[PDB]
Amino acid sequence: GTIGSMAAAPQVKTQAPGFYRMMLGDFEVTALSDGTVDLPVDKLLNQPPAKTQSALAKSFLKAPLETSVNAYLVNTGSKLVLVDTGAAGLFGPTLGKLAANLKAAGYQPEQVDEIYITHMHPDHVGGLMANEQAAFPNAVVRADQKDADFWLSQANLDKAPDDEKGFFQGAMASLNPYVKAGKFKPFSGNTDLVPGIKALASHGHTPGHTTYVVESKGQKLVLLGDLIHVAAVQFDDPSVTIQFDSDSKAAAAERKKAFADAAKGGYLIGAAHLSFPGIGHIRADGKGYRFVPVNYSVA
Ligand SMILES: [Mg+2]
Ligand SMILES: [Zn+2]
Ligand SMILES: [Zn+2]
């Protein structure tokens, strides 16, 4: 090149901050990404790999599938509440981004009033704890009593097979600061939590798996937790379950109920493992369902 020609600019590669703002009536919703993680869904889904492979190909995907891990912040005006918290470092080095994305979204952990846990798998409770301390120093954490009593019981850890013991260890370590400080407040099934947010039992994926129903000024968003893991399989065929389910029959029943109710009601859903931000509508589509992601909107 000519004298002092500059080298070609290197690729930057880093992703944009993983948060997405959406108004819901008077409430401000911020989808928060914890990162993604590859899942061997051909092996984990409870059907023959060839059927999964064919379904993935139809959506231009292949296993291992990069799967989003999402949480949802809701500012109701009177309360700042966080639904799920990501994995922290419990599920590998690609997750644990929630804390940075919360900061990029303009909030600090000390501002969070209440945290609602859909279920105590590591990629939903790991974000509660850092350095054996509560990462959210003012928050009250709530989850179903059945989930608490299953995952936070020493007997169930000691009965669990070796490759499942970490789920109980991680849940206990994640909840312990709050339990010790008197800031873990269970509920039992369908419960009003704060004005505008209710717990709706959706048991199956875990014994206390809970859906959170957010409503303001007639605008409803139903946060489904882990009622779905693999959009490219489970919207066309909601009967396909996954090894991560504690009770796969109940999990399939709860997913079918939620999809049918959302199709009938025409309201928004948000789900922890739909491609970030994981927010959209559902319409019936023959024997299955079609997801309609929200339109990109800027205030
Ligand atoms: Mg990758
Ligand atoms: Zn889960
Ligand atoms: Zn999950």
Side-chain angles (χ1 to χ4, degrees), residues 18-34 69-88 98-121 123-130 134-145 147-148 174-175 177-179 181-202 208-227 267-272 276-279:
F19 70 94
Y20 181 71
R21 206 80 74 183
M22 188 190 74
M23 295 300 302
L24 183 87
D26 294 334
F27 299 172
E28 178 205 61
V29 177
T30 312
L32 297 171
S33 174
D34 195 50
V69 178
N70 311 322
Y72 299 91
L73 189 71
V74 186
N75 185 326
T76 70
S78 59
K79 297 286 190 189
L80 187 63
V81 303
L82 172 60
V83 174
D84 288 344
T85 68
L98 185 135
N101 285 329
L102 181 62
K103 181 187 180 71
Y107 293 99
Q108 291 77 248
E110 68 181 342
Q111 298 178 305
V112 177
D113 295 308
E114 300 199 358
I115 295 171
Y116 305 147
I117 296 301
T118 59
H119 64 300
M120 297 186 180
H121 281 168
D123 53 315
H124 304 259
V125 296
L128 287 166
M129 186 271 273
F136 297 90
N138 301 307
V140 173
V141 173
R142 310 203 67 182
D144 194 273
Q145 186 82 240
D147 232 41
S174 296
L175 274 296
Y178 300 89
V179 169
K183 273 174 296 176
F184 176 70
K185 186 178 175 174
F187 54 81
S188 287
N190 299 334
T191 302
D192 286 356
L193 298 175
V194 292
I197 310 177
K198 310 177 174 152
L200 176 80
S202 57
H209 184 282
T210 300
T211 291
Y212 297 99
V213 176
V214 182
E215 186 159 3
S216 176
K217 301 303 179 63
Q219 307 314 120
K220 179 157 90 178
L221 167 69
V222 177
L223 296 174
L224 297 178
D226 285 12
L227 295 195
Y267 53 78
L268 288 166
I269 63 96
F276 182 77
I279 295 171

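Counting from 1, the numbers follow the sequence of the chain as shown. Side-chain atoms are counted along with the backbone in the values below, which use heavy atoms only and exclude waters and symmetry mates.
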Peer 1: Looking only at atom types and distance, does a side-chain atom of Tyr72 sit under 3.5 Å from a main-chain N or O of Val81, one as donor and one as acceptor?
Peer 2: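 The answer is no, because no donor-acceptor pair under 3.5 Å joins these two groups.
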Peer 1: Using modelled atom types and a 3.5 Å cut-off, is there a donor and acceptor pairing between side-chain atoms of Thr211 and backbone atoms of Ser202?
Peer 2: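 No; judged by distance alone, with no hydrogens or angles, the pair does not exist.
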Peer 1: Say you draw a straight line from NE2 of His209 to NE2 of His121; how long is it, rounded to the nearest 0.5 Å?
Peer 2: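 With rounding to 0.5 Å, NE2 (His209) is 8.5 Å from NE2 (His121).
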Peer 1: Taking all atoms of both residues into account, what is the closest heavy-atom pair of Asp84 and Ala71, and its distance?
Peer 2: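 Nearest pair, atom of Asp84 first, then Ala71: O-CB, 3.3 Å.
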Peer 1: Mind checking the CE-CG spacing from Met120 to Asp144? Nearest 0.5 Å is all I need.
Peer 2: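 Answer rounded to 0.5 Å: 8.5 Å.
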Peer 1: Taking only residues two or more places apart in sequence, or in another chain, which ones meet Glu114 in a side-chain hydrogen bond (donor to acceptor under 3.5 Å, both in side chains)?
Peer 2: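 With neighbours one apart ignored, the set is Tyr116.
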Peer 1: How many angstroms lie between atom CD1 of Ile279 and atom CG of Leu268, to the nearest 0.5 angstrom?
Peer 2: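 Nearest 0.5 Å value for the CD1-CG distance: 7.5 Å.
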Peer 1: Heavy-atom distance under 4.5 Å between the side chains of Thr118 and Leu223, does that happen here?
Peer 2: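 Answer no - side chains too far apart.
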Peer 1: Just how far is it from atom CG of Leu221 to atom OH of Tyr212, taken to the nearest 0.5 Å?
Peer 2: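 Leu221 atom CG to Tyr212 atom OH measures 14.0 Å (nearest 0.5 Å).
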Peer 1: Going by heavy atoms in the side chains, are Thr85 and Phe136 under 4.5 Å from each other?
Peer 2: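 Contact flag for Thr85/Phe136 side chains = yes.
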Peer 1: Output all residues satisfying side-chain hydrogen bond (donor to acceptor under 3.5 Å, both in side chains) with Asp147, sequence neighbours left out; order by chain, then residue number.
Peer 2: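 Scan of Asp147 (side-chain hydrogen bond (donor to acceptor under 3.5 Å, both in side chains), adjacent residues dropped) gives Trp151, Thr206.
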Peer 1: Taking all non-hydrogen atoms of both residues into account, name the closest pair between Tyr267 and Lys220 and its distance.
Peer 2: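 Where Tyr267 meets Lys220 most closely, the heavy atoms are CD2-CE, 3.4 Å.
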Peer 1: Pair up each side-chain donor or acceptor in residues 20-27 with any protein partner under 3.5 Å, not counting sequence neighbours, and list the distances.
Peer 2:
unit_1, atom_1, unit_2, atom_2, d
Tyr20, OH, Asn295, O, 3.4
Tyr20, OH, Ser297, N, 3.0
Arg21, NH1, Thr30, OG1, 3.0
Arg21, NH1, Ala105, O, 2.9
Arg21, NH2, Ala105, O, 3.0
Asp26, OD2, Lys217, NZ, 2.8

Peer 1: Pair up each side-chain donor or acceptor in residues 183-198 with any protein partner under 3.5 Å, not counting sequence neighbours, and list the distances.
Peer 2:
unit_1, atom_1, unit_2, atom_2, d
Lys183, NZ, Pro137, O, 2.8
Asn190, OD1, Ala201, N, 3.0
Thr191, OG1, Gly189, O, 2.7

Peer 1: Taking all heavy atoms of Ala134 and all of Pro177, pick out the closest pair and write down the distance.
Peer 2: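 Closest pair (atom of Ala134, atom of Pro177, distance): N-CB, 3.4 Å.
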Peer 1: Say you draw a straight line from CG of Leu224 to CD1 of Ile269; how long is it, rounded to the nearest 0.5 Å?
Peer 2: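 The distance works out to 5.0 Å.
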Peer 1: Apply side-chain contact (heavy atoms from CB on, under 4.5 Å) to the pair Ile117 and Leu175, showing each step before the final yes or no.
Peer 2: CA-CA 11 Å; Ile117 296 301; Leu175 274 296; 5.8 Å; no
Peer 1: Just to verify, what does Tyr107 make a side-chain hydrogen bond (donor to acceptor under 3.5 Å, both in side chains) with, not counting sequence neighbours?
Peer 2: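 In terms of side-chain hydrogen bond (donor to acceptor under 3.5 Å, both in side chains), with neighbours along the sequence ignored, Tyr107 is linked to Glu28, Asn75.
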Peer 1: What residues form a side-chain hydrogen bond (donor to acceptor under 3.5 Å, both in side chains) with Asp34, not counting sequence neighbours?
Peer 2: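 Once residues adjacent in sequence are excluded, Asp34 has no partner under the side-chain hydrogen bond (donor to acceptor under 3.5 Å, both in side chains) criterion.
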Peer 1: Side chain to side chain contact (heavy atoms under 4.5 Å, CB included) with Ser33: which residues, sequence neighbours excluded?
Peer 2: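 Checked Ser33 against side chain to side chain contact (heavy atoms under 4.5 Å, CB included); matches are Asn101, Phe276.
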Peer 1: With sequence neighbours left out, what residues match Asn138 under side chain to side chain contact (heavy atoms under 4.5 Å, CB included)?
Peer 2: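 Result, side chain to side chain contact (heavy atoms under 4.5 Å, CB included) vs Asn138: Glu110.
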Peer 1: Shortest non-hydrogen contact from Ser174 to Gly126?
Peer 2: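 That closest heavy-atom pairing would be OG-CA, 3.5 Å.
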Peer 1: How far apart are the closest heavy atoms of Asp226 and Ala272, and which atoms are they?
Peer 2: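 Taking every non-hydrogen atom into account, OD1-CB, 3.4 Å.
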